[PDB]
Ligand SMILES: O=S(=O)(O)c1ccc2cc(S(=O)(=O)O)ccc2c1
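Encoded as structure tokens, the following chain is the form deposited without the named molecule, with no partner shown.
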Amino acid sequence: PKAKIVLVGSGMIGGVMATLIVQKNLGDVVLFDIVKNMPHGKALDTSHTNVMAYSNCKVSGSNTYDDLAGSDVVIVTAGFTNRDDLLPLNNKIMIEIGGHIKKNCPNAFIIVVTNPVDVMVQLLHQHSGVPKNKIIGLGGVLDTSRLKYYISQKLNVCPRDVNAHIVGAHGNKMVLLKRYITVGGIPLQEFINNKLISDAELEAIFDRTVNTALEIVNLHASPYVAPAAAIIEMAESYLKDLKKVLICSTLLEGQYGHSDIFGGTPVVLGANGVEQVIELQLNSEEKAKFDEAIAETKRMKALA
């Protein structure tokens, strides 16, 4: 019957995801964490919103890895966050989690959030043994939400009506594709030609998109709501078989001249997991930038 969604890590992102799953009645939720009892407390709190939301999703905490058994969807946020130093430690967490996925829920659809996400997703893919269409990493949905939002406020249009592509990787080497931005399905260049938005404003918006997490932390907060909603958009596309075109970290098998590595690109998410991998027909200049993102991913992969 209902989907079982196990959230491996019950921190701030985990809490908002659980909240949103009950709001949308997506399925039973398990808030798993290594910290004793905390996930039970959050689960209990969150379970009462079933009344207000008119839903019927069980929300429970867990301090045991075998509660992954029966998982339809597994969302990994667990991990430590000399950033390079944390690579091996987080690799160890992916290993342990991957062994339990292979044993307890080999058919689950896996979403990795732990940073560097393009690295951690491939590690978990390797340690869990799941098919390449059943594991993705969060990146482009979150990154493009900022880009799309900022442009929509300049243009005074509904945020969803702006569409944009950010590829290669999550993080500071993300590749923003100015050429692939649209507003109500209309190329953004038309709005630049009409002076509704300038290139210089768009340049500032790009830098702000790239540095948004830093901007939030400099304001004495931490990004967890947008990330959680972006993760749930991806999870919901799988569970409801929406087949939405969402930019995620996925195994590259030749696209962009790249193989044996995970990178961000538009994919189609449906009941079969990653049903399609869409390769944008980038020019040599966008390609060069894509290469830089992949190289940084490889560099960090080599230290894990």
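Throughout, we count residues from 1 along the sequence that is shown.
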Extent of unmodelled deposited sequence, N82 relative to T81: 10 or more
Average Cα temperature factor in the PDB entry - higher stretch of 202 to 210, 157 to 165: 202 to 210
Entry-level comparison of average CA B-factors, 51 to 59 and 32 to 40, reporting the higher stretch: 32 to 40
Residue, from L219, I181, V175, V74, that the PDB entry assigns the highest Cα B-factor: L219
B-factor third for the C-alpha atom of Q276 within its chain: middle
Chain-relative CA temperature factor third for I5: lowest
Entry-reported Cα temperature factor of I261, expressed as the chain third it lands in: middle
Cα B factor band for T144 (lowest, middle or highest third within the chain): lowest
Position of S237 among the chain's modelled residues by C-alpha B-factor, lowest, middle or highest third: lowest
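This protein has a second form, the form deposited with the named molecule bound, left out of what is shown; the following refers to that one.
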Full three-residue contact with the named molecule in the deposited complex, heavy atom 4.5 Å, for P116, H170 and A213: yes
The unique member of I232, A164, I151, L142 whose heavy atoms fall within 4.5 Å of the named molecule in the deposited complex: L142
Stretch in contact, per heavy atom within 4.5 angstroms of the named molecule in the deposited complex, of 223 to 231, 175 to 183, 189 to 197, 153 to 161: 223 to 231
